[PDB]
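Heads up: the structure comes next, in structure tokens.
Note that we place each Cβ from the backbone using ideal geometry, even for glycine, and neighbour counts take in every protein chain shown. Since every read-out is calculated from the coordinates, none of them should be taken as a lab result.
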Amino acid sequence: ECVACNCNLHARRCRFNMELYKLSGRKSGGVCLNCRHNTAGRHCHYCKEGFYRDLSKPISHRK
Amino acid sequence: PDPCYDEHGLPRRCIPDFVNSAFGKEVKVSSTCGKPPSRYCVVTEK
């Protein structure tokens, strides 16, 4: 099957690179587009420069 | 009849028996999972 990209509820568009999946030990290569909600990464999975992790909230919280 | 009075009705200590205090009652707390629906991870050793 196909599988969507992760932003942990932080984007509606994403892109892909094979080498990510290739070098992932054949596991994953999805990556956000407009990786929103003060998040960042291929999974919109970390707070960008200036911010930190609201540890109280889950990995996909809007804040 | 009445344990508050002795064999000859002499006034003696009558006491509620020993019971758990917290049984079937309400408690106000600070917070709880599920609002918003939340996750939680559990590790197990082997």
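Brief remarks on what is shown
- Each Cα pair of chain B feeds into the Kirkwood radius, which the Stokes-Einstein equation turns, at 20 °C and 1.002 mPa s, into a diffusion coefficient of 129 µm²/s.
- Along region A:16-22 the Karplus relation, 6.51 cos²θ - 1.76 cosθ + 1.60 evaluated at θ = phi - 60°, assigns HN-Hα couplings of 8, 9, 5, 3, 4, 4, 4 Hz to successive residues, with x for each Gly and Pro.
- Each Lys and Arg Cβ is given +1 and each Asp and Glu Cβ -1; about its Cα centre, the protein assembly as shown then shows a dipole of about 1300 debye.
- Computed from phi, the 3J(HN,Hα) profile of region A:42-54 under the Karplus parametrisation 6.51, -1.76, 1.60 (θ = phi - 60°) reads 4, 9, 6, 10, 7, 6, 6, 4, x, 10, 9, 8, 5 Hz, with x in place of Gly and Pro.
- Under 5 Å, built H, 5+ apart or other chain: amide partners of A:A11: A:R36
- Here's the picture: charge each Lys and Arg Cβ at +1 and each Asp and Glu Cβ at -1 in chain B, and of B:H8, B:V19, B:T44 the one pushed furthest to the positive end of that dipole is B:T44.
- Subset of A:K48/B:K35; A:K63/B:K28; A:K48/B:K28; A:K63/B:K46; A:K27/A:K57; A:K63/B:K25 violating a 32 Å alpha-carbon distance limit: A:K48/B:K28; A:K63/B:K46; A:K63/B:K25
- For chain A, calculated [θ]222 nm from helices alone, where every DSSP H run of n ≥ 4 adds -39500 (n - 2.57): -2000 deg cm²/dmol
- With θ taken as phi - 60° and the Karplus curve 6.51 cos²θ - 1.76 cosθ + 1.60 applied, the whole-hertz 3J(HN,Hα) list for region B:6-15 is 6, 2, 8, x, 6, x, 10, 4, 10, 10 Hz, x standing for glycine and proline.
- For chain B, the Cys residues with no second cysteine's beta carbon closer than 4.7 Å are B:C33, B:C41.
- If only the Cβ of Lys and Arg carry +1 and only the Cβ of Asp and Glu carry -1, the dipole of chain B around its Cα centre is close to 580 debye.
- Cβ charges +1 (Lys, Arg) and -1 (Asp, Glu), total dipole of region A:7-51, debye: 180
- Region B:20-46 and region A:27-63: distance between their alpha carbon centers, rounded to Å: 27
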